[PDB]
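One chain comes next, on its own, written out as structure tokens in the form deposited in one PDB entry.
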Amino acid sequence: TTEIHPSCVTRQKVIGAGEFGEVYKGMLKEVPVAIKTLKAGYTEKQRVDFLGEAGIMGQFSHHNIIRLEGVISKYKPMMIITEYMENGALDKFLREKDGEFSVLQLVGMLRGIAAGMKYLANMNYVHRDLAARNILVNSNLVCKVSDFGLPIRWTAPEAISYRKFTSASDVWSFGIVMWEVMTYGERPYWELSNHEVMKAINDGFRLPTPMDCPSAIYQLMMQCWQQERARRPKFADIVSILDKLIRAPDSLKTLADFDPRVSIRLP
């Protein structure tokens, strides 16, 4: 990580809360940045977790992972400073832009998220909280995997049941993210409670296709939701498939049937 001097950082507005501090938008000497602070009184564990987060983030160098600008560790409050993405988090972005993108644009966002996840998994970094709310979107529509902290309905069964978090449980979550993107940010499983979601999964039910969804994309998300972890695609498989679909874009014109929940009869 690069150490940044505090005189170069201007905090401007609060945009969220940290484990023992706040998150701000600000400017870095000017480029806009996001700034997470660790405020006076933090515990030893909080310091270890905070500087540990900075240290792992400093290792990430990929187009589809949030970029660390630097850290303030030599002065108080300590800070983690990242690039700032003006379109914000992906879940809110898509809900505010319903129906505004082409299928190819949506699938391109998924390819980018998958490439970032392949990078993390390859680095032996298990995300554990992959969801559209933890993905940032830049002004080129590039998605940057991030983690803002605390998700039953995004989590694989083995991770819920016995705390087995691996890249393969992240693949399950990625399938949910695919469904979030293709629905413009719908809530997975709609109004079902967390217990009803787990019961449905265990009974064998899976999310139905989004509207206007390429058949290949629904097939892929379905294979991310295999109960048996060993049967799920690896991230390398996901990236490869998405890349090939984008590069032969007529492949995306074949749509999965959408199951009507409502019948409208007209003459």
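Only the largest set of C-alpha atoms that superpose within 1.5 Å between the two forms is called the rigid core. When you see a residue number, it is the position in the sequence shown, counting from 1. Shifts are known only where both forms have a C-alpha.
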query	finding
Residues with no coordinates between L104 and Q105, taken from the deposited sequence as a class	none
Count class of coordinate-free deposited residues lying between the neighbours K29 and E30	4 to 9
83 to 91 versus 135 to 143 - greater average Cα B-factor per the deposited record	83 to 91
Per the entry, higher mean C-alpha B factor between 156 to 164 and 68 to 76	68 to 76
C-alpha B-factor winner, where the candidates are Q226, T209, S240, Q59	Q59
From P151, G99, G108, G185, residue of greatest CA B-factor	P151
Assigned third (lowest, middle, highest) for the C-alpha B factor of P233	lowest
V48 - which third its CA temperature factor falls in, relative to the rest of the chain	highest
Ranked C-alpha temperature factor of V33 among modelled chain residues, by third	highest
Chain third (lowest, middle, highest) by recorded CA B-factor, residue given as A54	highest
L220 CA temperature factor, ranked by third within the chain	lowest
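A second form of this protein, the form deposited in another entry, is not displayed here; the remarks below concern that form.
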property: Which one of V137, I72, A131, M117, by Cα shift of 2 Å or more between this form and the one not shown, core superposed; result: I72
property: Displaced residue check between this form and the one not shown: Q219, CA, 2 Å or over, core reference; result: no
property: Threshold 2 Å Cα movement between this form and the one not shown for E53, core superposed; result: yes
property: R231 C-alpha moves between this form and the one not shown by 2 Å or more, core aligned; result: no
property: Distance direction in that other deposited form for the C-alpha atoms of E19 and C143, relative to the displayed form (3 angstroms or more); result: closer
property: Pairwise C-alpha change, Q46 versus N124, in that other deposited form against this form - closer or farther, 3 angstroms or more; result: farther
property: Segments of at least three residues whose Cα atoms shift by 2 Å or more between this form and the one not shown, after superposing on the rigid core; result: 1 to 3, 10 to 27, 30 to 32, 34 to 59, 71 to 80, 148 to 150
